[PDB]
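Just the one chain here, the form deposited in one PDB entry, laid out as structure tokens.
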């Protein structure tokens, strides 16, 4: 016969104390951006992004993270 028991236990803790979080400034692209193009030939797909794109300001009050995974394997 074959018998398998899988009962792991977690009592661990992820935590943080912050008195105050703030005064955050993100100013992407505050300068002059200039793009001059003449007589350009494109013979396939073109993807273009100009200016201030995809910029992120992420300020979670805690932002703590726990990743837990189990991958029982048998033959």
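Only residues modelled in both forms are compared. What we label the rigid core is the largest C-alpha set whose atoms superpose within 1.5 Å from one form to the other. Numbering follows the first chain given and starts at 1.
One more form of this protein, deposited in another entry, exists but is not displayed; see below.
Using the rigid core as the fixed frame, list which single one of 9, 56, 53, 24 shifts its Cα by at least 2 angstroms between this form and the one not shown. Going through each option, the one that shifts is 53.
Distance trend in that other deposited form - C-alpha atoms of residue 51 and residue 23, change of 3 Å or more: Compared with this form, residue 23 and residue 51 lie farther apart in that other deposited form.
Superposing on the core, what residue ranges of at least 3 consecutive positions move by 2 angstroms or more in Cα between this form and the one not shown? Flagged stretches (3+ res, CA at least 2 Å): 30-53, 73-75.
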